[PDB]
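Chemist: below you'll find the sequence and an experimental structure to go with it.
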Amino acid sequence: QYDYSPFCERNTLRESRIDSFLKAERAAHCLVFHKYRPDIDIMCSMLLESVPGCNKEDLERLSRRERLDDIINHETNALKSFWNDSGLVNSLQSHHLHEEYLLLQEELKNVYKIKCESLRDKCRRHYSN
Amino acid sequence: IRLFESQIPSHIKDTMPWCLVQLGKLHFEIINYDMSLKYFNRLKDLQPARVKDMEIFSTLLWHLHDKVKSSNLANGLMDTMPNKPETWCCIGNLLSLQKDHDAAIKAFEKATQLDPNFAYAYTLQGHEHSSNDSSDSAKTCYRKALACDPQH
Amino acid sequence: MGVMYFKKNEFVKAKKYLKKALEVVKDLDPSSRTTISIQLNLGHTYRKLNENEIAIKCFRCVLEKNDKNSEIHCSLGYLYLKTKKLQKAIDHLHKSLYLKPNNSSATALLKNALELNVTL
Amino acid sequence: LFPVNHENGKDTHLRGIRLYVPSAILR
Amino acid sequence: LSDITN
């Protein structure tokens, strides 16, 4: 029988939640495992396996301590990095890629500024705060 | 001072920041104003962003009426550490040097709020309160200044 | 009972009853606003009993267990000015002023201590 | 007292008001 | 403008 001791230290769980957890858990594992029960099984050169936003080629560069079609290649590639291998971009129509791209560097450029006074006046900030 | 002259080598004397601070404070106590400034400037040359005790330098430069040096030191000291009472007491000393003194009193009280166990901010408050022509506040501030440091 | 024998101007029996109270509570619970009252009352009886060293030690103990107490510091100054320990007397008076700036007897006590120190 | 304002006003402001009366060291 | 006169 399906074990549910870790999900709730209370020894008894109502049957609706037992199926609620079992159905939810199998789907969550099946998403990660595939791009069955949890209690039967939990299982399954540079050390660095992965970093957000880096492709395999970026890893090899790290290990070494380092026109419309072409822009469309650069159109998709930037969203490959930002969306962490999202499969919906291939389903997006071409002209919807342009406006999201224009807003991409626009919001990124705003981050660069954020990431980057008289004696009498500058004392007030400390007193008022 | 004689021990400095005799028992202290010159190379250690003119390099050690602690010797510079102690010698400047000592020459302050003997009311030797010219001597102390040219060694405290050397101390600032060793490190501008050091606090320890600038209450002595602030007291000296208030007498010497050097507004620009006090402004630079106050700006640097606040930029380095805002929570140190010495920076706020230096700022208040500069403010009293300028003209206005109510905000100087408020800054001094804020410095005392940062560290209640700072007796020199208390005695500086009391000394300033004489310029306000008020005595009862001054006398209470003096007594509470003595409470912190028995031998002042 | 010690407090009432004190109020009745009969200090000797109040003293022994407060000593019994202290020895009963000596072993257990130094904190919890009971030993503080016991020690303060016993020190008051001793200072009214004209014996000062034991009153001073008890007042020092209660001061250690509780520092923010203006009355404790005024009593310490009273005891120290009764003796010739002027430095401790004035230190405790200035502290007492620090805890409470507007103290009536403390101003006169400080004036007397300072004039005695200057004349000494 | 301000019993009446200009052009038959109702209320009155007061922008400013002041009162005037007559009458080496270790830091 | 208020301050309406009678």
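Modeler: Happy to help now that I have it. Numbering: from 1, shown residues only, chains lettered A, B, ... in the order given.
Chemist: sec struct for the residue most central in space within chain C, please.
Modeler: Within chain C, the residue whose C-alpha comes closest to the C-alpha centroid is residue C:75; the distance, by CA atoms, centre = their mean, is 4.0 Å. Look at residue C:75: counting by DSSP: H, G, I helix; E, B strand; the rest coil, its state is helix.
Chemist: list the contacts for it?
Modeler: The contact partners of residue C:75, taken as CB atoms under 8 Å, 6 or more residues apart in numbering or on different chains, are C:43-44, C:47, C:59. Bear in mind the C-beta positions are built from the backbone N, C-alpha and C, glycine included.
Chemist: which residues are contacting stretch C:46-58?
Modeler: Here stretch C:46-58 makes contact (CB under 8 Å, 6+ apart) with C:6, C:11-12, C:15, C:39-40, C:42-44, C:75-76, C:78-80, C:82-83.
Chemist: distance check, residue D:19 against residue C:104.
Modeler: Applying CB to CB, to the nearest Å, the value for residue D:19 to residue C:104 is 35 Å.
Chemist: please say which of these two ends up with more neighbours.
Modeler: Here residue D:19 and residue C:104 are compared on neighbour count by other CB atoms under 10 Å in any protein chain shown; more neighbours surround residue C:104, at 7 against 4.
Chemist: tell me where chain A has strands.
Modeler: In order along the chain, chain A carries no strands (DSSP state E).
Chemist: enumerate the residues of it near chain C.
Modeler: With CB under 8 Å from any CB of the partner chain as the criterion, chain A does not meet chain C at any residue.
Chemist: mind listing the helices for chain A?
Modeler: Counting by DSSP state H, chain A has these helices, from start to end: A:15-33, A:56-63, A:68-82, A:94-115, A:119-128.
Chemist: turn these into JSON lines, columns for distance to chain D and mean neighbour count.
Modeler: As requested, those are exported to JSON lines (distance: least, CB to the nearest CB, whole Å; neighbours: other CB atoms under 10 Å in any protein chain shown):
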{"stretch": "helix A:15-33", "distance to chain D": "69", "mean neighbour count": "11"}
{"stretch": "helix A:56-63", "distance to chain D": "61", "mean neighbour count": "11"}
{"stretch": "helix A:68-82", "distance to chain D": "58", "mean neighbour count": "12"}
{"stretch": "helix A:94-115", "distance to chain D": "42", "mean neighbour count": "10"}
{"stretch": "helix A:119-128", "distance to chain D": "19", "mean neighbour count": "12"}
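Chemist: format those as a markdown table; extra columns: distance to chain B.
Modeler: Compiled in a markdown table, these are given as follows (distance: least, CB to the nearest CB, whole Å):
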| stretch | distance to chain B |
| --- | --- |
| helix A:15-33 | 48 |
| helix A:56-63 | 37 |
| helix A:68-82 | 37 |
| helix A:94-115 | 21 |
| helix A:119-128 | 6 |
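Chemist: mind checking which of those helices is nearest residue C:119?
Modeler: helix A:119-128 (46.2 Å; CB to CB).
Chemist: hmm, who's touching the closest one?
Modeler: Residues outside helix A:119-128 that contact it (CB under 8 Å, 6+ apart): B:71, B:74-75, B:78, B:82, B:91, B:94-95, B:103, B:106-107, B:110.
Chemist: then stretch C:25-42?
Modeler: In this structure, residues lying in contact with stretch C:25-42 by CB under 8 Å, 6+ apart are C:2-3, C:6, C:15, C:18-19, C:21-22, C:58-59, C:61-62, C:65-66, C:72.
Chemist: what of stretch B:18-28?
Modeler: Counting contacts by CB under 8 Å, 6+ apart, the residues outside stretch B:18-28 that touch it are B:1, B:4, B:8, B:12-14, B:35-36, B:39-40, B:42-43, B:46, B:52-53, B:56-57, B:59-60.
Chemist: would you mark the buried spots in it?
Modeler: Along stretch B:18-28, the positions that meet the burial threshold by neighbour count (16 or more other CB atoms under 10 Å in any protein chain shown) are B:19-21, B:23-25, B:27-28.
Chemist: wait, what's in contact with the residue nearest the centre of chain A?
Modeler: Nearest to the geometric centre of chain A sits residue A:84, at 5.8 Å (CA atoms, centre = their mean). Contacts for residue A:84 (CB under 8 Å, 6+ apart) come out as A:52-53.
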